[PDB]
Amino acid sequence: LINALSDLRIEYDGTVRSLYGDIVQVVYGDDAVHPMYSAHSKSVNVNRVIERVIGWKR
Amino acid sequence: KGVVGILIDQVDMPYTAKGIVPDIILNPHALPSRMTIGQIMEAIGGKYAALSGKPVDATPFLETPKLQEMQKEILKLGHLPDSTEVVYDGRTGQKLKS
Amino acid sequence: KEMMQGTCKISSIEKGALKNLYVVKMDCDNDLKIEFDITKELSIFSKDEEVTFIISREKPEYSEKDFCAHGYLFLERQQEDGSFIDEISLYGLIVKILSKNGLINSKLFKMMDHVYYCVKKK
Amino acid sequence: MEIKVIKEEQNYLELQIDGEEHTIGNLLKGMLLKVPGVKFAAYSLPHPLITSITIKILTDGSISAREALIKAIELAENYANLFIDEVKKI
Amino acid sequence: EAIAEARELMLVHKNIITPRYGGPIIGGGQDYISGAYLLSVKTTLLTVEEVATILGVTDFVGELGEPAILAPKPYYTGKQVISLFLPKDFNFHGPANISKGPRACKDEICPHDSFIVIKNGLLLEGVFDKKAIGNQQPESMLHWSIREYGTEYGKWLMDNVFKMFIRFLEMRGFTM
Amino acid sequence: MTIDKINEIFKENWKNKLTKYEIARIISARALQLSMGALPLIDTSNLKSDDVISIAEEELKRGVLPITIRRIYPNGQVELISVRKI
Amino acid sequence: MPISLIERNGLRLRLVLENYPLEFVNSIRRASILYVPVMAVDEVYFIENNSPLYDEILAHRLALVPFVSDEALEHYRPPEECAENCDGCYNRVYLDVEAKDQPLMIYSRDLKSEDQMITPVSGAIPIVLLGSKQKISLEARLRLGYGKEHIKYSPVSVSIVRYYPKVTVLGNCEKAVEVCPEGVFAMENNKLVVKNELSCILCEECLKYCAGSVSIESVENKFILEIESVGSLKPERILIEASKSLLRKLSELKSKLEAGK
Amino acid sequence: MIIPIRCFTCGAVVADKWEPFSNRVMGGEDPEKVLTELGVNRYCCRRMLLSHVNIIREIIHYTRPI
Ligand code: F3S
Ligand SMILES: [Zn+2]
Ligand SMILES: [Zn+2]
């Protein structure tokens with residue numbers, strides 16, 4: 001699997017392209033969100049934001 | 001199995017009410033997952049053997065003496081039957097709550 | 001100043017759910033049903049006796065023969081029968097108040113108030 | 001045994017002592033907690049393999065932290081002298 | 001150049017969250033969870049000397065505040081000692097790992113410490129267990145705390161508050 | 001929306017930000033420069049550490065480095081981003 | 001702040017301290033182990049050795065042997081001083097033995113000391129067993145040292161500080177006599193009298209069965225300090241020297257702290 | 001190989017109590033009473049005395065010819 005997927009990169013326009021030029025994905029994932037920066041495989045948890053704002057009065 | 005994490009002097013070890021300090025300390029969290037009841041049973045049997053001076057046989061299916069007899073004899077010899085002890089902290093002198 | 005005071009008697013002292021927890025229930029005037037958690041070292045109350053309780057932001061004078069603490073008012077709920085449930089957290093120990101007009105709805109306090117709660121023997 | 005000062009104010013002192021361990025640190029902390037005007041006193045052993053302690057003292061401004069440490073040392077010395085004079089009598 | 005790249009890209013504290021999923025890979029272990037539960041339980045009361053001993057292992061120095069209980073005897077509490085480290089605008093409502101059996105109260109009115117309630121950085125009820133500080137537990141209070149105050153506050157918290165758990169565990173007795 | 005809305009959002013977000021790779025490359029280049037000649041652009045007396053890496057990080061943080069980054073898009077468009085605050 | 005005595009055996013000493021803080025008592029307990037100097041073997045000069053034990057093992061066995069360092073605390077320089085040269089701070093002992101035809105055990109009574117007031121505590125400690133036609137010839141050097149440096153310099157075996165108990169009998173439960181491991185209680189005319197209260201270790205096991213007939217507390221300001229020496233020094237000397245070491249350390253700390261304020 | 005000079009846990013001398021205990025037990029006396037009257041009360045020293053093997057009596061026959 002490493003030898004198969006070794007030469008993929010993310011360009012400055014959001015696309016995923018191999019180093020040989022061809023295109024794999026028009027935009028990484030579906031919304032260009034890194035799994036490492038996601039809230040457990042989610043772009044943003046709106047319930048968590050509402051909690052962070054008004055949880056001291058719930 | 002396991003490696004030595006640190007070596008602690010006798011002054012810093014948690015002595016008991018009779019002055020006995022442990023030679024090796026073993027974390028409780030290693031017991032419930034590995035499920036080695038024989039470890040605790042051997043600890044109790046060894047304490048009984050040292051206190052009484054009587055032979056202890058741990059052959060499978062034919063262990064003599066039984067645990068209840070060993071615990072009763074341990075209680076008769078000045079120690080708590082469940083092989084527990086009251087321990088003080090060697091660094092501060094405060095008595096542990098358990 | 002929004003001090004709240006009352007005088008009433010202890011109903012019961014149960015055993016609770018945790019190891020050495022205890023719950024003290026008090027039935028009080030004006031349909032108050034104060035019920036607070038204590039531990040073994042804090043148990044200075046009997047099965048039935050007359051006591052006086054005060055809840056106020058200002059720190060009151062206390063002795064060494066009465067029980068009191070400070071915490072926060074963090075829970076205000078309405079019941080289906082028109083009643084109210086109020087909770088004060090003394091940094092973990094819960095004081096639950098069952099009243100009619102509520103403690104925040106009645107404009108007595110607001111959300112997350114640093115309040116002192118004292119109970120003394122009369 | 002060498003001392004050094006990490007931080008120092010009128011009501012704060014952080015002192016690192018090399019060559020010492022729990023025997024003196026616990027005694028000093030216990031004595032400091034009895035001196036009036038001291039709000040916080042603690043000692044720490046940064047690493048068991050290194051013989052060195054760190055003492056943190058925080059007062060309320062009535063008494064300097066260094067003065068509090070000196071008073072604690074005086075109390076400990078008084079207790080030691082009393083202990084010697086009483087053990088010698090039995 | 002190699003040293004600069006290693007320092008700026010490969011530091012441990014910069015990689016608390018794993019790339020497989022959104023969740024911390026570095027977190028509380030086994031003694032830490034037991035110590036956190038024993039310190040956070042409702043029935044823990046500490047004196048001034050015990051509080052000083054517990055806090056001597058961390059870098060915290062400053063005002064302890066008034067004790068949680070003033071009379072008859074001045075007693076602190078485990079949640080008050082824990083609350084000295086949470087940021088003053090952190091809110092969290094969620095169940096604990098002990099809320100699976102008969103302790104499931106499903107709301108804030110719980111006779112048990114089976115529901116965690118934090119308001120403005122004050123821990124008002126609930127205990128710490130695997131579901132609050134445990135590793136590989138996404139959407140825990142540790143995860144949100146890291147996500148909102150950087151790997152910087154994540155590292156500071158893991159360095160400071162996680163040692164009081166061990167200190168209190170060895171202050172009490174934990175055997176089998 | 002050239003091709004997709006998400007791509008426009010991505011480009012707008014990264015128009016005025018530095019990726020971690022760019023920061024690491026800038027710090028590495030500056031550290032290599034300071035190791036031989038290249039006297040610092042800041043006051044190197046209050047600094048906690050006298051090693052080149054810390055000085056490079058401090059200079060990048062204060063925004064005194066005269067370094068620009070060229071981002072070449074896949075369609076040939078080029079974008080120049082400057083790290084000096086000026 | 002009086003000090004009371006419980007028992008004085010050959011090597012054991014048990015005291016009650018009535019107005020001392022726990023920190024000071026624990027410090028005395030630790031210094032009784034760490035900061036009291038005794039004589040012990042430091043180096044061994046080997047000339048011959050045919051015994052089954054190697055040189056390092058024999059040297060270790062010799063070092064573990066306690067010597068009577070009671071009168072030597074006033075004639076020999078302590079380790080804190082210069083002590084590594086300037087002869088006059090090292091004692092010398094010799095051991096020259098040989099077996100002729102039968103195996104022979106060598107005891108600690110075979111060690112000949114140059115200075116006569118420093119002798120082994122016990123003369124019946126087996127050192128090495130020699131086979132036929134085996135011989136040993138060695139010279140060992142003794143010096144003062146603290147237990148902090150090595151455990152062979154510790155003058156005690158056990159040092160204990162525990163709480164002061166208070167046991168009160170409210171009812172007449174007969175279970176308590178057969179539950180307490182320390183034998184605190186006894187049955188006299190069916191009354192459950194307390195014979196020796198100071199033997200309770202606050203085990204709190206009688207509360208699990210009686211629970212209403214026995215009450216257990218700990219006195220807030222009294223502590224029990226029990227030490228047992230090994231034979232080199234008497235217990236009172238050990239306690240006095242431990243407190244003197246505390247005094248020296250505190251004096252040095254204050255002297256170098258107030259200076260350079 | 002040979003009896004240790006001191007108990008491992010506490011520094012109590014235990015080497016001088018081996019040749020009495022080893023003899024009176026072989027004479028038919030129960031180990032507990034002999035250990036109690038010899039002055040051994042902590043079970044660490046009892047462990048030290050009760051589980052010694054004394055191999056050196058066999059190794060004296062096979063010694064290095066140096
Ligand atoms: S039954 Fe026995 S030994 Fe200690 S605490 Fe209770 S007394
Ligand atoms: Zn519950
Ligand atoms: Zn022993």
# chains A, B, ... in the order shown; residues from 1 in each chain; ligands from 1

call {"tool": "residues_near_ligand", "arguments": {"ligand": "ligand 2", "cutoff": "12 Å", "atoms": "only C-alpha atoms and all ligand atoms", "output": "list in words"}}
result
residues 16, 17 and 18 of chain C; 95, 96, 97, 98, 99, 100, 101, 102, 103, 104, 105, 106, 107, 108, 109, 110, 111, 112, 113, 114, 115, 116, 125, 126 and 127 of chain E

call {"tool": "interface_residues", "arguments": {"of": "chain B", "to": "chain H", "cutoff": "8 Å", "atoms": "only C-alpha atoms", "output": "MDAnalysis selection string"}}
result
chainID B and resid 18 20:23 47 50:54

call {"tool": "select_by_dssp", "arguments": {"residues": "chain A", "states": "helix (DSSP H, G or I)", "output": "list in words"}}
result
residues 46, 47, 48, 49, 50, 51, 52, 53, 54, 55, 56 and 57 of chain A

call {"tool": "residues_around", "arguments": {"residues": "residue 56 of chain H", "least_positions_apart": "6", "cutoff": "8 Å", "atoms": "only C-alpha atoms", "output": "ChimeraX atom specification"}}
result
/G:52,129 /H:1-2

call {"tool": "residues_near_ligand", "arguments": {"ligand": "ligand 1", "cutoff": "8 Å", "atoms": "only C-alpha atoms and all ligand atoms", "output": "PyMOL selection string"}}
result
chain G and resi 167+176-177+179-185+199-207+214+216

call {"tool": "write_last_selection", "arguments": {"atoms": "N, CA and C atoms", "output": "mmCIF file, in the first residue's frame"}}
result
data_model
loop_
_atom_site.group_PDB
_atom_site.id
_atom_site.type_symbol
_atom_site.label_atom_id
_atom_site.label_comp_id
_atom_site.auth_asym_id
_atom_site.auth_seq_id
_atom_site.Cartn_x
_atom_site.Cartn_y
_atom_site.Cartn_z
ATOM 1 N N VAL G 167 -8.040 3.117 72.726
ATOM 2 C CA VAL G 167 -9.058 2.087 72.574
ATOM 3 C C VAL G 167 -9.967 2.151 73.789
ATOM 4 N N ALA G 176 -14.216 -9.472 69.869
ATOM 5 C CA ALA G 176 -13.029 -8.631 69.744
ATOM 6 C C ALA G 176 -11.770 -9.327 70.240
ATOM 7 N N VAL G 177 -11.896 -10.236 71.207
ATOM 8 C CA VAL G 177 -10.708 -10.888 71.744
ATOM 9 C C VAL G 177 -10.081 -11.818 70.714
ATOM 10 N N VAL G 179 -10.293 -11.419 67.314
ATOM 11 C CA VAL G 179 -10.156 -10.745 66.034
ATOM 12 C C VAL G 179 -8.909 -9.872 65.986
ATOM 13 N N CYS G 180 -8.578 -9.209 67.085
ATOM 14 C CA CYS G 180 -7.419 -8.324 67.111
ATOM 15 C C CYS G 180 -6.140 -9.134 66.955
ATOM 16 N N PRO G 181 -5.306 -8.851 65.952
ATOM 17 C CA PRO G 181 -4.056 -9.609 65.805
ATOM 18 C C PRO G 181 -3.004 -9.264 66.840
ATOM 19 N N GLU G 182 -3.126 -8.132 67.525
ATOM 20 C CA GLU G 182 -2.120 -7.691 68.481
ATOM 21 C C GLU G 182 -2.411 -8.131 69.908
ATOM 22 N N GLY G 183 -3.554 -8.763 70.155
ATOM 23 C CA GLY G 183 -3.888 -9.191 71.505
ATOM 24 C C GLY G 183 -4.083 -8.049 72.477
ATOM 25 N N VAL G 184 -4.748 -6.980 72.040
ATOM 26 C CA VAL G 184 -4.990 -5.843 72.923
ATOM 27 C C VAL G 184 -6.012 -6.202 73.993
ATOM 28 N N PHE G 185 -7.083 -6.890 73.610
ATOM 29 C CA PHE G 185 -8.184 -7.177 74.515
ATOM 30 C C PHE G 185 -7.961 -8.487 75.267
ATOM 31 N N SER G 199 -0.415 -1.555 72.212
ATOM 32 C CA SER G 199 -0.095 -2.536 71.187
ATOM 33 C C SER G 199 -0.975 -2.422 69.949
ATOM 34 N N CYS G 200 -2.040 -1.627 69.992
ATOM 35 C CA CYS G 200 -2.911 -1.503 68.832
ATOM 36 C C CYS G 200 -2.217 -0.718 67.729
ATOM 37 N N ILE G 201 -2.354 -1.205 66.502
ATOM 38 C CA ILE G 201 -1.744 -0.581 65.339
ATOM 39 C C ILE G 201 -2.789 0.138 64.489
ATOM 40 N N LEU G 202 -3.931 0.485 65.085
ATOM 41 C CA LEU G 202 -5.035 1.140 64.382
ATOM 42 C C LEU G 202 -5.470 0.321 63.170
ATOM 43 N N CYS G 203 -5.480 -1.001 63.345
ATOM 44 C CA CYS G 203 -5.911 -1.919 62.298
ATOM 45 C C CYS G 203 -7.380 -1.739 61.938
ATOM 46 N N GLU G 204 -8.210 -1.334 62.901
ATOM 47 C CA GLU G 204 -9.638 -1.090 62.685
ATOM 48 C C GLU G 204 -10.367 -2.338 62.200
ATOM 49 N N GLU G 205 -9.945 -3.511 62.667
ATOM 50 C CA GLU G 205 -10.657 -4.739 62.347
ATOM 51 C C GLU G 205 -11.725 -5.082 63.374
ATOM 52 N N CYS G 206 -11.542 -4.676 64.632
ATOM 53 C CA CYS G 206 -12.584 -4.880 65.629
ATOM 54 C C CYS G 206 -13.840 -4.084 65.314
ATOM 55 N N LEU G 207 -13.714 -2.985 64.569
ATOM 56 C CA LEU G 207 -14.885 -2.213 64.174
ATOM 57 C C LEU G 207 -15.733 -2.942 63.143
ATOM 58 N N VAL G 214 -16.622 -1.128 70.716
ATOM 59 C CA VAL G 214 -15.228 -0.698 70.763
ATOM 60 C C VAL G 214 -15.094 0.572 69.936
ATOM 61 N N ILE G 216 -12.117 3.375 68.527
ATOM 62 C CA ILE G 216 -10.693 3.524 68.259
ATOM 63 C C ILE G 216 -10.434 4.954 67.810
#

call {"tool": "residues_around", "arguments": {"residues": "residue 53 of chain A", "least_positions_apart": "6", "cutoff": "10 Å", "atoms": "only C-alpha atoms", "output": "ChimeraX atom specification"}}
result
/A:47 /E:89-91

call {"tool": "closest_residue", "arguments": {"among": "G:35, G:45, G:209, G:163", "to": "chain D", "atoms": "only C-alpha atoms"}}
result
G:35

call {"tool": "residues_around", "arguments": {"residues": "residue 49 of chain E", "least_positions_apart": "2", "cutoff": "10 Å", "atoms": "only C-alpha atoms", "output": "list in words"}}
result
residues 29, 30, 33, 40, 41 and 42 of chain D; 46, 47, 51, 52, 53, 54 and 55 of chain E

call {"tool": "residues_around", "arguments": {"residues": "segment 7-19 of chain D", "least_positions_apart": "4", "cutoff": "9 Å", "atoms": "only C-alpha atoms", "output": "list in words"}}
result
residues 1, 2, 3, 38, 50, 51, 52, 53, 54, 55, 56, 57, 58, 59, 60, 61, 62, 63, 64, 65 and 66 of chain D

call {"tool": "atom_distance", "arguments": {"atom1": "atom CA of residue 15 of chain A", "atom2": "atom CA of residue 27 of chain A"}}
result
4.6 Å

call {"tool": "interface_residues", "arguments": {"of": "chain E", "to": "chain D", "cutoff": "8 Å", "atoms": "only C-alpha atoms", "output": "PyMOL selection string"}}
result
chain E and resi 52-53+56-57+61-63

call {"tool": "closest_residue", "arguments": {"among": "B:19, B:9, B:3, B:14", "to": "ligand 3", "atoms": "only C-alpha atoms and all ligand atoms"}}
result
B:19

call {"tool": "residues_around", "arguments": {"residues": "segment 57-70 of chain F", "least_positions_apart": "2", "cutoff": "6 Å", "atoms": "only C-alpha atoms", "output": "list in words"}}
result
residues 54, 55, 79, 80, 81, 82, 84 and 85 of chain F

call {"tool": "write_last_selection", "arguments": {"atoms": "N, CA and C atoms", "output": "PDB file, in the first residue's frame"}}
result
ATOM      1  N   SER F  54      16.773  29.343  18.032  1.00  0.00           N
ATOM      2  CA  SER F  54      15.916  30.238  18.804  1.00  0.00           C
ATOM      3  C   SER F  54      15.923  31.646  18.227  1.00  0.00           C
ATOM      4  N   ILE F  55      17.089  32.120  17.782  1.00  0.00           N
ATOM      5  CA  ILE F  55      17.159  33.443  17.170  1.00  0.00           C
ATOM      6  C   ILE F  55      16.337  33.478  15.890  1.00  0.00           C
ATOM      7  N   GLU F  79       1.876  33.387  -6.909  1.00  0.00           N
ATOM      8  CA  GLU F  79       1.483  34.273  -5.823  1.00  0.00           C
ATOM      9  C   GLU F  79       2.688  34.523  -4.929  1.00  0.00           C
ATOM     10  N   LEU F  80       2.952  35.789  -4.630  1.00  0.00           N
ATOM     11  CA  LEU F  80       4.076  36.185  -3.793  1.00  0.00           C
ATOM     12  C   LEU F  80       3.544  36.586  -2.425  1.00  0.00           C
ATOM     13  N   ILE F  81       4.063  35.960  -1.372  1.00  0.00           N
ATOM     14  CA  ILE F  81       3.654  36.272  -0.008  1.00  0.00           C
ATOM     15  C   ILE F  81       4.886  36.680   0.792  1.00  0.00           C
ATOM     16  N   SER F  82       4.796  37.816   1.475  1.00  0.00           N
ATOM     17  CA  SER F  82       5.918  38.372   2.217  1.00  0.00           C
ATOM     18  C   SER F  82       5.703  38.190   3.712  1.00  0.00           C
ATOM     19  N   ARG F  84       7.564  39.900   6.075  1.00  0.00           N
ATOM     20  CA  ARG F  84       7.835  41.132   6.803  1.00  0.00           C
ATOM     21  C   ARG F  84       6.547  41.922   6.999  1.00  0.00           C
ATOM     22  N   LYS F  85       6.309  42.368   8.234  1.00  0.00           N
ATOM     23  CA  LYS F  85       5.074  43.083   8.541  1.00  0.00           C
ATOM     24  C   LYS F  85       5.041  44.452   7.873  1.00  0.00           C
TER      25      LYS F  85
END

call {"tool": "interface_residues", "arguments": {"of": "chain G", "to": "chain D", "cutoff": "7 Å", "atoms": "only C-alpha atoms", "output": "VMD selection string"}}
result
chain G and resid 3 23 to 24 27 30 240 243 247 250 254

call {"tool": "select_by_dssp", "arguments": {"residues": "chain E", "states": "strand (DSSP E)", "output": "PyMOL selection string"}}
result
chain E and resi 45-46+69-71+76-77+92-95+115-119+122-125

call {"tool": "write_last_selection", "arguments": {"atoms": "N, CA and C atoms", "output": "short mmCIF file (atom, residue, chain, number, x, y, z; two decimals), in the first residue's frame"}}
result
data_model
loop_
_atom_site.label_atom_id
_atom_site.label_comp_id
_atom_site.auth_asym_id
_atom_site.auth_seq_id
_atom_site.Cartn_x
_atom_site.Cartn_y
_atom_site.Cartn_z
N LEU E 45 -12.17 14.71 51.09
CA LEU E 45 -11.92 15.95 51.81
C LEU E 45 -10.46 15.98 52.20
N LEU E 46 -9.79 17.10 51.92
CA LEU E 46 -8.37 17.25 52.18
C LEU E 46 -8.13 18.42 53.13
N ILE E 69 -15.15 23.83 52.72
CA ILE E 69 -15.92 23.72 53.96
C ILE E 69 -15.18 24.48 55.04
N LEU E 70 -15.89 25.39 55.71
CA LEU E 70 -15.29 26.31 56.67
C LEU E 70 -15.42 25.83 58.11
N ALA E 71 -16.55 25.23 58.47
CA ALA E 71 -16.80 24.72 59.81
C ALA E 71 -17.46 23.36 59.70
N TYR E 76 -10.71 21.11 52.34
CA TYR E 76 -10.81 21.30 50.91
C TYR E 76 -11.55 20.11 50.30
N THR E 77 -11.52 20.01 48.98
CA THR E 77 -12.15 18.90 48.29
C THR E 77 -11.38 18.63 47.00
N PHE E 92 -18.40 22.10 29.98
CA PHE E 92 -18.52 20.74 29.48
C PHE E 92 -19.62 20.02 30.24
N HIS E 93 -20.55 19.40 29.51
CA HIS E 93 -21.60 18.57 30.08
C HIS E 93 -21.57 17.22 29.38
N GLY E 94 -21.34 16.16 30.14
CA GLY E 94 -21.29 14.83 29.58
C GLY E 94 -21.23 13.75 30.64
N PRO E 95 -21.56 12.53 30.25
CA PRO E 95 -21.53 11.41 31.20
C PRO E 95 -20.11 10.91 31.43
N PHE E 115 -22.37 12.10 36.31
CA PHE E 115 -22.55 13.11 35.27
C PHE E 115 -21.59 14.25 35.53
N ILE E 116 -20.81 14.62 34.52
CA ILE E 116 -19.81 15.68 34.64
C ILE E 116 -20.44 17.00 34.25
N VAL E 117 -20.28 18.01 35.11
CA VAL E 117 -20.78 19.35 34.85
C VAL E 117 -19.66 20.33 35.18
N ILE E 118 -19.16 21.03 34.17
CA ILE E 118 -18.16 22.07 34.33
C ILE E 118 -18.73 23.37 33.79
N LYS E 119 -18.67 24.43 34.60
CA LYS E 119 -19.19 25.73 34.21
C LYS E 119 -18.17 26.80 34.59
N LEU E 122 -15.14 25.64 36.60
CA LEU E 122 -15.38 25.08 37.92
C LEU E 122 -16.00 23.70 37.75
N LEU E 123 -15.38 22.69 38.36
CA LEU E 123 -15.91 21.33 38.31
C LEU E 123 -16.94 21.20 39.43
N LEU E 124 -18.22 21.17 39.06
CA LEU E 124 -19.30 21.19 40.04
C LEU E 124 -19.79 19.81 40.43
N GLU E 125 -19.78 18.85 39.51
CA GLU E 125 -20.12 17.47 39.85
C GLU E 125 -19.54 16.55 38.79
#

call {"tool": "interface_residues", "arguments": {"of": "chain A", "to": "chain F", "cutoff": "10 Å", "atoms": "only C-alpha atoms", "output": "list in words"}}
result
residues 11, 12, 13, 14, 15, 17, 21, 26, 27, 28, 30, 31, 32 and 33 of chain A

call {"tool": "closest_residue", "arguments": {"among": "G:219, G:140, G:121, G:158", "to": "ligand 3", "atoms": "only C-alpha atoms and all ligand atoms"}}
result
G:158

call {"tool": "closest_residue", "arguments": {"among": "C:84, C:67, C:36, C:117", "to": "chain E", "atoms": "only C-alpha atoms"}}
result
C:67

call {"tool": "decode", "arguments": {"residues": "segment 132-150 of chain E", "atoms": "N, CA and C atoms", "output": "tab-separated table (two decimals), in the first residue's frame"}}
result
chain	number	residue	atom	x	y	z
E	132	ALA	N	-12.95	10.91	30.44
E	132	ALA	CA	-12.61	12.32	30.58
E	132	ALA	C	-11.14	12.61	30.31
E	133	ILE	N	-10.23	11.72	30.74
E	133	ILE	CA	-8.80	11.93	30.55
E	133	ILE	C	-8.13	10.76	29.84
E	134	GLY	N	-8.86	9.70	29.52
E	134	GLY	CA	-8.24	8.53	28.94
E	134	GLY	C	-7.73	8.78	27.53
E	135	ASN	N	-6.67	8.07	27.17
E	135	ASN	CA	-6.13	8.16	25.83
E	135	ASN	C	-7.04	7.45	24.83
E	136	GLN	N	-6.94	7.86	23.57
E	136	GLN	CA	-7.72	7.28	22.48
E	136	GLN	C	-9.22	7.35	22.77
E	137	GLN	N	-9.64	8.48	23.35
E	137	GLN	CA	-11.04	8.74	23.68
E	137	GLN	C	-11.44	10.05	23.02
E	138	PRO	N	-11.91	10.01	21.77
E	138	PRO	CA	-12.31	11.25	21.11
E	138	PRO	C	-13.54	11.87	21.76
E	139	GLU	N	-13.65	13.19	21.62
E	139	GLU	CA	-14.76	13.97	22.16
E	139	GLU	C	-14.85	13.89	23.68
E	140	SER	N	-13.71	13.73	24.34
E	140	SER	CA	-13.63	13.84	25.79
E	140	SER	C	-13.31	15.28	26.17
E	141	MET	N	-13.36	15.56	27.47
E	141	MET	CA	-13.07	16.92	27.92
E	141	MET	C	-11.61	17.28	27.64
E	142	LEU	N	-10.71	16.30	27.73
E	142	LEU	CA	-9.32	16.54	27.36
E	142	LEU	C	-9.20	16.88	25.88
E	143	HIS	N	-9.95	16.19	25.02
E	143	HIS	CA	-9.89	16.46	23.59
E	143	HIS	C	-10.34	17.88	23.28
E	144	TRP	N	-11.48	18.30	23.83
E	144	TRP	CA	-11.96	19.65	23.59
E	144	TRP	C	-11.02	20.69	24.19
E	145	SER	N	-10.47	20.40	25.37
E	145	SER	CA	-9.53	21.33	25.99
E	145	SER	C	-8.31	21.54	25.11
E	146	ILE	N	-7.75	20.45	24.57
E	146	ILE	CA	-6.61	20.57	23.66
E	146	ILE	C	-7.02	21.33	22.41
E	147	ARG	N	-8.17	20.97	21.84
E	147	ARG	CA	-8.61	21.57	20.58
E	147	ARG	C	-8.84	23.07	20.72
E	148	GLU	N	-9.18	23.54	21.91
E	148	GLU	CA	-9.49	24.96	22.10
E	148	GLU	C	-8.37	25.76	22.75
E	149	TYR	N	-7.37	25.12	23.37
E	149	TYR	CA	-6.26	25.85	23.98
E	149	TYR	C	-4.91	25.30	23.51
E	150	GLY	N	-4.90	24.71	22.33
E	150	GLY	CA	-3.64	24.37	21.71
E	150	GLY	C	-2.95	23.19	22.35
